[PDB]
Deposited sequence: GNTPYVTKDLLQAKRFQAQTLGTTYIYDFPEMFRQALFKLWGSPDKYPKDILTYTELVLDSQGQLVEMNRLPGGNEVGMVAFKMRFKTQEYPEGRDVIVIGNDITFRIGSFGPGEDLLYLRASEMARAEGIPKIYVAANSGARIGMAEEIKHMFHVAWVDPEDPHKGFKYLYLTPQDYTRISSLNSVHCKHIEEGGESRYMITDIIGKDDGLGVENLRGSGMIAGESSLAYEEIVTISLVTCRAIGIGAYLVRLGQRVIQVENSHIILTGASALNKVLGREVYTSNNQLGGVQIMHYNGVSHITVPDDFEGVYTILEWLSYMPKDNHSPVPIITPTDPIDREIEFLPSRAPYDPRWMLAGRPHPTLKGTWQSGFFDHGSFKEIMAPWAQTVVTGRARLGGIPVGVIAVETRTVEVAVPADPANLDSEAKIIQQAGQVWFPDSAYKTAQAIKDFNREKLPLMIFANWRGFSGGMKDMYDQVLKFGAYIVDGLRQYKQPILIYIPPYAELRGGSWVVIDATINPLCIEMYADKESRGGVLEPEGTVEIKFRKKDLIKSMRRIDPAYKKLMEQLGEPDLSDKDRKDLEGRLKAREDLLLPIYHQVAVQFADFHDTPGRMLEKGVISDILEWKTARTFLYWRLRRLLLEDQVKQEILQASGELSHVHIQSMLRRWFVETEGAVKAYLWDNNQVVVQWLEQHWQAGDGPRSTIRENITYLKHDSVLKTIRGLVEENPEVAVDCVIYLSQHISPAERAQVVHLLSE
């Protein structure tokens, strides 16, 4: 019963004027975004986008159907979508939930809450991404309207109402109507020898008025917490997100906020009324882009709903079809065999340029290539914690999370507090190559988030340590520093940490990143022109090469300081000669000392080389930036494949040792390829070529076959050994579905 002229036109106008998109016009928007991503009419596949509406049936379960648009029994709609993308030409599935803002200002009733619940639950059922379009007014609020205009007031003094009232009540005739409906609890009182029904509680005939709504928020709040742990969650904020709306967005983490919009818990109109003054001017003042985009809650901003949708697909580009598929590697137009044109220097630079490249400064149309595949690097949480840069990219078409360090002094404009006229906007300096509380957090968030995308991670390490002065310590830098340790510990994909040219990893920043946090996943590489150590060289000298040592160094190298020999060696004691040289030696001491300190600092530095890193087995290999792209490509591409064989199958069958499994994989290489060819196992490329002989009579799967079969041998032997009572009744179970021919085989054996 939904009419196009009547229902459709008006509802879209109603979303149009709210500055949002009517919920049933999003599927079509997704169709249009994909068409752009494919770049033409002549490059477009058959069914770019298939969808189906998820609809709650009479017993609160979802049922796929594709009725016409509109006509939804709750103010939320869900769709199961499939769309042919470049990473998945034969399709990838996805679930989109979103408020019908036209329906009761997008309020959250128990019915709405339920659909979102089942939609989310299903998404997790199939391990596929959950897109949520936030356009709402938070939990629904209501009263007992029925009873609102029945109740009478027992005044303390009917002449003077400034003197208040005793209670509220209903007369017997009033109560008789509402009696059986159990709308109202009230104690039968007999004031003035007259019968009244003194209200004690008000329930309401109608459902979805109060506390039930709050529970129903927490329910979908909870669900949304779990889903962030299990599947991909992306969220689009278009008109507004309030309270339960806001919390849903945030629990999903990844958030695309449209500019007009806001993300609030309590609106300015409200806050003004509680506080008592005109404190806040707008809802955009509280939770608009210029707050959330700048504090990390919103990962990225978009100018309109369409660029939202487009980013959603743009994000899903890097991420696996589901939470049991691998990351979509695509054939790159950007060559792996090339060099990186952009070189990072002792001159401070935007780390974006080394990642994504930049326009060639000394040329017209030329581009300076960065480390990643041209055009692939897409940043998130940019204006927050600008001391670190986080985002995703592609290396030879392999998707990957990126973590880079800013090397220019950053400034941050913390805004003045509107509930405090004794405050103003402050600007705060932030040093390059330093973890602050905000960078520490952002860095840990990126790690937490990317891990959930099953993405591999590339950290371009260049940190001198954590900020450690009072304010930053007070501001809990230590807590967030420790989450970097928590985050990498729990990572389950390859992490490649790489110190670039003229970059450095010093002290506590090395500690929270070191390979031994996650031996199975982390590999640490230093550039030929990088540095690393506990302290900086100046500091090492300050502690471990002090003045006493410096004068000794003089006593050795500097020939002039053989005044010392002249001093002590020959026995001659005169106030003249003995006191003369005594001051004259000090003379030279003073002249040489600052320059020997400069030597001392160089001596310190020569300890901090990648030369020594490799020697003390802390980094895997020493690289060269020009040819680092291609090295890390084949290494990344191998590690992904080794990881597939091991976890996916080998561990999903043998349940055997990780040290053991590495061996058993190499054991197979040497076994079929020969001992004479064994050395090549250390060559990344050749190993990838050999791996596809098995993965893509499979030398490797024929082995996994034998493992998983022999594994179920020991599994049934353990139970029957543990539980000899079952064995007898068990043989008859296996006999029901054995084999009529082999049934006699057994039937005669024992």
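Visitor: Point out each run of deposited residues with no C-alpha coordinates, keeping the order of the sequence.
Guide: Gaps in the modelled chain, taken against the deposited sequence, lie at 1-3, 700-704, 759-760.
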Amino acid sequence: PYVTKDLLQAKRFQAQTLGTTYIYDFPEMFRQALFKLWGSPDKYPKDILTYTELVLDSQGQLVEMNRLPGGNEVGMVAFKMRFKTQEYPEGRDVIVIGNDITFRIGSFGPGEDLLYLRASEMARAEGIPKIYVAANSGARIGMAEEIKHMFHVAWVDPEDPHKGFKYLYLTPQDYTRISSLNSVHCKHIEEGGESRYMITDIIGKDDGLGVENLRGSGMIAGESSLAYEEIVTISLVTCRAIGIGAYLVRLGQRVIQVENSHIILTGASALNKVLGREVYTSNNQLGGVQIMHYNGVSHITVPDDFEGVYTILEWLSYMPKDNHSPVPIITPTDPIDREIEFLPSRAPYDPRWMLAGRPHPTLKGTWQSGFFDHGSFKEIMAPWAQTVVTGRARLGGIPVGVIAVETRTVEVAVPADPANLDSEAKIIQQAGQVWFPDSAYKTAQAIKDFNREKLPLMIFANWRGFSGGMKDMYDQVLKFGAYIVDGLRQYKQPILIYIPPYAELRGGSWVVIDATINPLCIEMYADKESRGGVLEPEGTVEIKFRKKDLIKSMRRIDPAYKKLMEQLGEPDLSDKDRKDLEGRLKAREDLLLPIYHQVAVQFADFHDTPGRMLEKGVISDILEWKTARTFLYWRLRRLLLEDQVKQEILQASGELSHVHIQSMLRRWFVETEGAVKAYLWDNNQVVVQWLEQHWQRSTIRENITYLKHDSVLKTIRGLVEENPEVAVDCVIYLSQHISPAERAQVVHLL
From here on, numbers count along this sequence of modelled residues.
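Visitor: Using the B-factors recorded in the PDB entry, average over the C-alpha atoms of 378-386 and of 661-669, then report which stretch comes out higher.
Guide: It is 661-669 that shows the higher mean C-alpha B-factor.
Visitor: On average, which has the higher Cα B-factor in the deposited entry, 697-705 or 26-34?
Guide: Result of the comparison: 697-705.
Visitor: In terms of CA temperature factor as recorded, identify the highest of 177, 552, 92, 612.
Guide: Checking the PDB record, the top C-alpha B-factor among 177, 552, 92, 612 is at 177.
Visitor: Based on the PDB record, which member of 503, 652, 203, 557 exhibits the highest Cα temperature factor?
Guide: By C-alpha B-factor in the record, 652 ranks first.
Visitor: Ranking the modelled residues of this chain by C-alpha B-factor as given in the entry, is residue 621 in the lowest, middle or highest third?
Guide: Lowest third.
Visitor: Quick check on the deposited entry: does the C-alpha B-factor of residue 182 sit in the lowest, middle or highest third of its chain?
Guide: Its C-alpha B-factor, which the entry lists for residue 182, ranks in the highest third among residues of this chain.
Visitor: Comparing against every modelled residue in the chain, figure out the third that the C-alpha B-factor of residue 281 lands in (lowest, middle or highest).
Guide: Highest third - that is where residue 281 ends up once the chain's C-alpha B-factors are sorted.
Visitor: Ranking every modelled residue in this chain by its Cα temperature factor as given in the entry, which third contains residue 238?
Guide: Highest third - that is where residue 238 ends up once the chain's C-alpha B-factors are sorted.
Visitor: Considering only modelled residues of the same chain, in which third does the CA B-factor of residue 97 rank: lowest, middle or highest?
Guide: Residue 97: CA B-factor falls in the middle third of its chain.
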